[PDB]
Structure formats: C-alpha cells, structure tokens
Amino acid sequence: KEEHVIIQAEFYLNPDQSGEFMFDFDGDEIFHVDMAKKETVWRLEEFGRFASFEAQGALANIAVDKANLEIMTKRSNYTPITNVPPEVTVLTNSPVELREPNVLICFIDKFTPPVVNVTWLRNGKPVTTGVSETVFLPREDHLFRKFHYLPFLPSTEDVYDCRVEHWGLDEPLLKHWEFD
C-alpha cells in the first residue's frame, strides 16, 4: 500500500484557547510542543539525541490556526462541534503475575473535541504516583485518541478503574480491571 506516513497535526480549540502541535509516524507520536513551557517534548528520550525541533515554529503555526478558527467559525454561521464520546479500554502492558511490576494502559479512542478528564482510581480513590499520559493523537477519521499509564504491583486485594469524563458522555465512564 504505502510504507510509511508522517503527519504533522495541529489544532486550536475555542473557547478553551488550547492548542496542540505534534508529529506522528505510522500512528505513534515522535514529539509534541508544550504550549506552557514552549518546549519540544520527545515521546521517547532517545529521540532527542538523534533530532531537534525549534519549538517556536509550532507556536507561530498555532497563532495562524487560532486566526483561521475565528474566520471559519463566522463562515459556518457559528455552528459548533458535535461531541463524539470516547470508547475506553483498559489492558496491561504484559501478562499479569503477582508482585511483578507492570503497567495498566487506559486507551481512550474515537472522540472529539480533544478535551477529557482522566483519573486512575485504586479501590475507588484517585491515584497520581508514577502515572503518565500522551497528548491527543490524530485518527484518519479526524477524531482523536489518547493513552494514560499507571505503574502498579499486581495483588488480589486491589481493583482499578480508568475514569473518563467527556462532554459527549452523560456520566463519567468507568472501565474496570482486577487481577484474574
């Protein structure tokens, strides 16, 4: 078919005033620009040794996108985005064995707009220690996906949920996992 695709994806979202700039290779992220720190963030640390990117150019691209959004909003008679709520799935990074370090992966897929609230819960309480996440990754249907990660030591005592809020959902969606 085609061997490889590289995509530079940008967005700007009103009224949130939130933008993103990222490069994608065959559906994995190479890097993004943090709009806060104004800094290039490599998906894997290794990538930074082989390559660079001037984060300032991303910032300038996003200003054009903002300006275009103002125009297109007007041109559509102020027609807003239709929420498409996410599908959520939870799985482990490797087969689960007791006391063997592992990672729970919350995969949040097929949604828009690109704003979610995601919390890991352990036994019904929020967990932050060691957790990570990606930015919003583009899809070919122009929706988004996103991953969250929770390092954990498997046990018989504990249960976990990935809690997902999104404007297209009536109530927060919980996806459950426990040791088999």
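Residues carry their position along the shown sequence, with the first being 1.
In this entry, 33 to 41 has the higher mean Cα B-factor, the comparison being between 66 to 74 and 33 to 41.
Stretches 125 to 133 and 109 to 117 differ in mean C-alpha B factor, with the higher average recorded for 125 to 133.
In the deposited coordinates, the residue among 16, 20, 161, 170 with the greatest CA B-factor is 170. Remark: residue 147 belongs to the lowest third of its chain, ranked by C-alpha B-factor as recorded. Per-chain ranking of the deposited C-alpha B factor places residue 157 in the highest third.
In the PDB entry, a CA B factor belonging to the highest third of its chain's modelled residues is recorded for residue 96. Per the PDB record, residue ranking by Cα B-factor puts residue 102 in the highest third of the chain.
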